[PDB]
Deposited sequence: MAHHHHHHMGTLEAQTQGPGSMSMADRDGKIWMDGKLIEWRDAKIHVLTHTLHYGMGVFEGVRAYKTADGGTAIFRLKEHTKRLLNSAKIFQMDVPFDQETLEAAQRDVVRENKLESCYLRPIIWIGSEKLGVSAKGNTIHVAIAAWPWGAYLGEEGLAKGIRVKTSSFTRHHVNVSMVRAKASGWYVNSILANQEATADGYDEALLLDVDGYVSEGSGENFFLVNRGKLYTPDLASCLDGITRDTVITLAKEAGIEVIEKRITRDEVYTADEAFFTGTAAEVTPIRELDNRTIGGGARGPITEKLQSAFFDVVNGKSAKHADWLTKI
């Protein structure tokens, strides 16, 4: 169990024993879906030291998700950044994944309840493919607030992922309400064609930090980056395709809907970009030193 572990969790202003990070079943977010979270990675750098990747941007995105929902968080940004470093340090972790989550408490359990506590907890733990286009449609931008990385949004991801894996695929790819490629269930989507890098415009899809990272490295590598509406059959005829996300970083996609992408192998743009990414997270990059925060 992830519940049954030795360690420390930061909760509501202090470190507590991991197993004591409990709440009641009548917690608003459990019933109604309004809570926000992040996924942040720490890496063991070439130093031998450990640093968190883009800590500032992730924490700002967390507080912005809360802002979208008018959730007043009782901690400033600096407290939350320091808390995340503390969780890595006091758990004696090196390469790990951090999960900050902000949720609405147990005072009142109507839909419309106001006056519930806004809770915050932070835990951490140590830390090409075949893809199938999902029969489930990606979020509508005036139904769901797709810039807020919110607990309720993942039902659609779960459904899509479960569909893909039940039939033996590695991951799902979702189309938007107009039938264009939007994203994977937990990742942003990219395609390579004629030496140029394409990605769905920032419309229905999440505003990813790994996406932002890859986009910037591509421009610095002199690769043209185009944001546009992409049809499923552009993917089938692309030269390369890949996913980006905090968990997996850059994953090449060798097949969609049983149509081989390019030669079926990892492509040279995908490799150059994957390498440039490795250099930046292992702290072998002078240019992007400010993306790594040592614990």
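No alpha-carbon coordinates exist for the deposited sequence positions 1-22, 150-160, given here in order along the chain.
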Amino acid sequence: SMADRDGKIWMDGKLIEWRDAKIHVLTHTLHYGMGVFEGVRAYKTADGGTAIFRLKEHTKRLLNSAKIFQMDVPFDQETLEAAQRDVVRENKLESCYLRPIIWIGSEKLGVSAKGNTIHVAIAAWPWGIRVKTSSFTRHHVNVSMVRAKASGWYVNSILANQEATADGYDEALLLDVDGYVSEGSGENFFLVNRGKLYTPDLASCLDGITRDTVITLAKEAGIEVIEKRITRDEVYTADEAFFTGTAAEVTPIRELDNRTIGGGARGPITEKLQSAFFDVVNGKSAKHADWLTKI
From here on, numbers count along this sequence of modelled residues.
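Stretches 147-155 and 109-117 differ in mean C-alpha B factor, with the higher average recorded for 109-117. Per-stretch averaging of Cα B factors for 226-234 and 63-71 places 226-234 on top. Comparing C-alpha B-factors across 173, 203, 122, 215 in the deposited entry, the largest value falls on 203.
Out of 37, 243, 32, 43, it is 43 whose C-alpha atom has the highest B-factor in the PDB entry.
Among the modelled residues of its chain, residue 272 has a C-alpha B-factor that falls in the highest third, as given in the PDB entry.
The deposited CA B-factor of residue 12 belongs to the lowest third of values across its chain. In the deposited entry, the Cα temperature factor of residue 198 sits in the middle third of values across the chain's modelled residues. In the deposited entry, the Cα temperature factor of residue 211 sits in the middle third of values across the chain's modelled residues. Remark: residue 100 belongs to the lowest third of its chain, ranked by C-alpha B-factor as recorded.
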